[PDB]
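Colleague: these chains are from a complex, not moved at all, and more is on the way:
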Amino acid sequence: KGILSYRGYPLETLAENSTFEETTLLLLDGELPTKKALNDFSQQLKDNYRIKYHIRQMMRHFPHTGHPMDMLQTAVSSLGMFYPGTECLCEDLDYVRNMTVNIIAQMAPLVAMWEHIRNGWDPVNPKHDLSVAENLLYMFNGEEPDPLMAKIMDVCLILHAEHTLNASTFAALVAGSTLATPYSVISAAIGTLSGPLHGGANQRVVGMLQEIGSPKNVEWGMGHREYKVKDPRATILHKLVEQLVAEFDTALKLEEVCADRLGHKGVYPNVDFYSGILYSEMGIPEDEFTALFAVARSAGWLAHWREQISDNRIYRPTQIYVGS
């Protein structure tokens, strides 16, 4: 139950008085950023939101049916070609950090670009005076959102920013273990997250019910390997959903599902339990729910990628399978 394991800071406290940019820095650097440092970080991130025309071109070339996560993984792998380099150490610039900020910055714009392109329309460019959360809602809705909605998105980004050693980060670590480009490792993490077992947030959006949970019983997979208790992020998302709806059928149904805790004594609501409801309530399409999660986890992935300074570990495991 290592709850609030964020660079030695409680997630609830970070939920306020903190931003995705500030939280991202905290994870990347390890300590709360100074005003100057945070200002420089945000500005660099803002001037990295730009997307190469080549990326938008390939996006149009591919079909609309394509899932956003697959496009995100493909785009990130492609981004590596534009900013290549091997940290074998020769070194042209500061590959670490410089590439990371460029990636984190383009993540949101890339997601929005695919949304409009797949809908047969031109992408909404991000604003250098808009934060990641601000750009997300602004680009998706085509109009800058009210501060509350932007704040809600920022809280979500902070919640999905990092979580101990999940499969997505684990894959990123193994990828980084080979001293591969950050773009390549992020591509691997995106696919690992894409999996429903890791990113089944949309898989929990299939309520297919109306306050009839008891009949719908065993004999979407509520529970977590480490969260032997309800996920704190889930509770935060729940209150966020309550505030938004206050200002709903799925919310009632999902609350009833959690209410049937009698059935589950070990497993309990996961973060994905209410994540989709809030995103849908914010207008985000179900297809992108997991994609938004990738935008936040990008910070944690790159933070662990930086923690791979001791890359002596090639991450090669031991064979135990029966080689008959």
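Modeller: Happy to help now that I have it. Numbers count the residues shown, from 1 in each chain, chains lettered A, B, ... in the order given.
Colleague: for chain A, which segments count as strands?
Modeller: Counting by DSSP state E, chain A forms no strands at all.
Colleague: thinking residue A:25 is in contact with residue A:33, fair?
Modeller: Yes - if you go by Cβ atoms under 8 Å, residue A:25 and residue A:33 touch, sitting 4.0 Å apart. No exception for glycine: its C-beta is placed from N, CA and C like everyone else's.
Colleague: output stretch A:213-220 in PDB with nothing but the alpha carbons.
Modeller: The C-alpha trace of stretch A:213-220 is given here as PDB (Å, rounded to 0.1, in the frame of the first residue of the first chain):
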ATOM      1  CA  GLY A 213     -25.200  -5.100 -10.900                       C
ATOM      2  CA  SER A 214     -26.200  -7.900  -8.500                       C
ATOM      3  CA  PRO A 215     -27.500 -10.100 -11.400                       C
ATOM      4  CA  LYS A 216     -24.400  -9.100 -13.500                       C
ATOM      5  CA  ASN A 217     -21.900 -11.000 -11.200                       C
ATOM      6  CA  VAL A 218     -19.000 -13.500 -11.600                       C
ATOM      7  CA  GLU A 219     -19.900 -17.100 -12.300                       C
ATOM      8  CA  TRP A 220     -14.800  -4.400 -15.800                       C
END
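Colleague: of residue A:25 and residue A:33, which one has the most company?
Modeller: residue A:25 (26 against 20; other Cβ atoms under 10 Å).
Colleague: report the separation between the more buried one and residue A:241.
Modeller: Distance of residue A:25 to residue A:241, computed by Cβ to Cβ, to the nearest Å: 28 Å.
Colleague: same check, this time on residue A:197
Modeller: 24 Å.
Colleague: between these two, who's got more neighbours?
Modeller: Legend: neighbour count by other Cβ under 10 Å for residue A:197 and residue A:241, higher for residue A:241 (23 against 9).
Colleague: quick one: residues contacting that one.
Modeller: For residue A:241, the contacting residues are A:251, A:274, A:277, A:278, A:281, by Cβ atoms under 8 Å, 6 or more residues apart in numbering.
Colleague: can you check residue A:166 too?
Modeller: A:198, A:297.
Colleague: ok, now residue A:174?
Modeller: Residue A:174 neighbours (Cβ under 8 Å, 6+ apart): A:188, A:315.
Colleague: equivalent analysis for the one 4 residues further on, please.
Modeller: Each residue near residue A:178 by Cβ under 8 Å, 6+ apart is listed here: A:314, A:315.
Colleague: again, only using 7 Å
Modeller: Residue A:178 sits next to residue A:314 when contact means Cβ atoms under 7 Å, 6 or more residues apart in numbering.
Colleague: how about the residue lying closest to residue A:77 once chain neighbours are set aside, what does it touch?
Modeller: Among residues not flanking residue A:77 along the chain, residue A:187 sits closest, at 4.1 Å (Cβ to Cβ, 6 or more residues apart in numbering). With contact set as Cβ under 7 Å, 6+ apart, residue A:187 has these partners: A:73, A:76, A:77.
Colleague: could I get these as TSV with neighbour count and distance to residue A:161?
Modeller: Formatted as TSV, these follow (neighbours: other Cβ atoms under 10 Å; distance: Cβ to Cβ, whole Å):
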residue	neighbour count	distance to residue A:161
A:73	21	19
A:76	27	17
A:77	17	22
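Colleague: just give me the neighbour total for residue A:55.
Modeller: The burial count for residue A:55: 21, using other Cβ under 10 Å.
Colleague: same deal with residue A:109?
Modeller: Neighbours around residue A:109, by other Cβ under 10 Å: 21.
Colleague: kindly incorporate the sequence below as chain B:
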Amino acid sequence: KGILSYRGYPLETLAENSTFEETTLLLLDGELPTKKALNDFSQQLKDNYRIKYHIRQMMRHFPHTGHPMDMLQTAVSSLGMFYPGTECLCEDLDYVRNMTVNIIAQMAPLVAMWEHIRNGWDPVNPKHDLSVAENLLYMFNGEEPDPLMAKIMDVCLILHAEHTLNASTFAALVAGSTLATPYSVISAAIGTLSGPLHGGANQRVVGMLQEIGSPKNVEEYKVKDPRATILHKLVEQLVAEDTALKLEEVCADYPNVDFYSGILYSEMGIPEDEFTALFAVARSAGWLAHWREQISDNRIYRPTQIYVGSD
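Modeller: The block that follows adds chain B to the chains above:
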């Protein structure tokens, strides 16, 4: 301990009496296939060799400076946006195997397309009749290679087909644990191998203009790799019917198969940039092989480690 361990068949047994197609089926199914099964798998492979026009158009817009491995990863992930679905186990078809053959069949063709497009020239489309190995040399060289080189290439493929749990293979498994599109998982595998630590035959094949001397000073099989010995024999055979010599000199020390992986490819005419890629065309079979058994008994890989920080 893991030397020559392909489904219990010593790699040497596959060295001959076996082809990457049979070896791949052997690894995937676990038992040497019957004539019918091999023929069907071969025909299905020779059927998915084709590449969607969307992929090439995308490659054309991309820059020549692009590294083959980076493009390969991008391409594999992209292909996942044509053959789609999720295994809730509703599936529109037999996702497993069907996608598996598609990925393996399109691996080499994609690599070759990049080589030509990278050089601003139209790609060499594959031939249904030719084998994966035969098509490979045909696409890169631009003409039918001698059965000799083809046989050698097929052999090299079997050697790099499967290697226990290499970082790339393990990465494929971790992603599979998440039940993710085979394309996404394999693309990730392509990322891991891209790492010089996992795959750096191109880095090794090149020397610092060594003056045929031993001044170099200091600053997992511990004995010579078995596949290395196989390449060593092929190396002497090829030169029998210069650059390798210095490597034979360094054979005095040799440990890794990579030691000679590039030279052979070089004689076949393969550019250095494509060395790591060729390896992927082979390790693909293994990655997909492990993925199948994983999805059979799959549990999301969720490890844990302590970290100082307090609160």
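Colleague: ok chain B is in now, so what about the contacts of residue A:178?
Modeller: A:314, B:167, B:192, B:195, B:197, B:198 (Cβ atoms under 7 Å, 6 or more residues apart in numbering or on different chains).
Colleague: which non-adjacent residue is nearest it?
Modeller: residue B:195 (2.1 Å; Cβ to Cβ, 6 or more residues apart in numbering or on different chains).
Colleague: ok, residue A:30 touching residue A:9?
Modeller: No - in this structure residue A:30 lies outside contact range of residue A:9 using Cβ atoms under 7 Å: 10.9 Å.
Colleague: ok so, going back, the contacts of residue A:178 in helices, which ones?
Modeller: B:167, B:192 (DSSP state H).
Colleague: so which of residue A:30 and residue A:9 has more stuff around it?
Modeller: In this view residue A:30 and residue A:9 are compared by other Cβ atoms under 10 Å in any protein chain shown, and residue A:9 has more residues nearby, 18 against 13.
Colleague: make sure residue A:296 is actually in contact with residue A:160.
Modeller: Yes - contact criterion Cβ under 7 Å: residue A:296 and residue A:160 qualify, at 3.5 Å.
Colleague: what sits against residue A:4?
Modeller: With Cβ under 7 Å, 6+ apart, residue A:4 has these contacts: A:10, A:11, A:12.
Colleague: and which of the residues you listed is nearest to chain B?
Modeller: Checking these against chain B by Cβ to the nearest Cβ gives residue A:10 as the nearest, at 6.7 Å.
Colleague: and for that closest one, the neighbour number?
Modeller: 13.
Colleague: next, give phi and psi for it.
Modeller: phi -70, psi 130 (degrees, to the nearest 10).
Colleague: what does residue A:313 give?
Modeller: phi -70, psi 110.
Colleague: I figured it hits residue A:173, correct?
Modeller: No - checked against Cβ under 7 Å, the pair residue A:313 and residue A:173 is beyond contact range at 8.4 Å.
Colleague: ok, these two, which is more surrounded?
Modeller: Neighbours were counted for residue A:313 and for residue A:173 using other Cβ under 10 Å; residue A:173 has more, 25 against 13.
Colleague: isn't that one right next to residue A:308, touching?
Modeller: Yes - using Cβ under 7 Å, residue A:173 is in contact with residue A:308, at 6.5 Å.
Colleague: which residues does stretch A:258-271 contact?
Modeller: With Cβ under 7 Å, 6+ apart, stretch A:258-271 has contacts from A:159, A:213-214, A:217, A:222-224, A:227-231, A:233-234, A:237, A:273.
Colleague: I should have written stretch A:40-60 there, sorry.
Modeller: Under Cβ under 7 Å, 6+ apart, the answer for stretch A:40-60 is A:21, A:25, A:33, A:71, A:75, A:78, A:82, A:101-102, A:104-106, A:109-110, A:113-114, A:117, A:123, A:126, A:128, A:135, B:58, B:61-62.
Colleague: buried sites along that stretch?
Modeller: Buried residues in stretch A:40-60, counted by 16 or more other Cβ atoms under 10 Å in any protein chain shown: A:41-42, A:45-46, A:48-49, A:51-52, A:54-56, A:58-60.
Colleague: quick one: end-to-end distance for it.
Modeller: Terminal residues of stretch A:40-60 are spaced 34 Å apart (Cα to Cα, to the nearest Å).
Colleague: how about stretch A:253-268?
Modeller: Using Cα to Cα, the two ends of stretch A:253-268 sit 16 Å apart.
Colleague: residues contacting residue A:11?
Modeller: Taking Cβ under 7 Å, 6+ apart as the test, what residue A:11 contacts is A:4, A:159, A:232.
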